[PDB]
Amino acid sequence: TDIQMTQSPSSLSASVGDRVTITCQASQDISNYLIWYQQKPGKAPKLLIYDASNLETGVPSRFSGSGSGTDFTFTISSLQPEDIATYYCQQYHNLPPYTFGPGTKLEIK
């Protein structure tokens, strides 16, 4: 019942306006029970997208996610300066451990 999450790429440099794509893969089927968080240094993870594709109220429409089963995608269209952060997927199918992907550190340039 231990589920591993992998996440790609580990880091990314990009420019304002770019579209960037992050993926994660679960080691077993998790249906769509996957959240994407944004975390800025010294702050707790902030919820962006829950149940793989549901854009949380208050979060800009440039963020989206998709997937069901083992392969998930998170996209930030038209990147803004305030998007600099580390991004994490977390799975919560069935019972804990609700495992996290190792993160993607996004910077400008």
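Position 1 is the first residue in the sequence shown; the rest follow in order.
Annotation for 58 to 66 versus 40 to 48: the higher mean temperature factor (C-alpha) is found in 40 to 48. Placement of the Cα temperature factor of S31 within the chain: middle third of the modelled residues, per the deposited record.
When all modelled residues of the chain are sorted by CA temperature factor, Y87 is found within the lowest third. Remark: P9 belongs to the lowest third of its chain, ranked by C-alpha B-factor as recorded.
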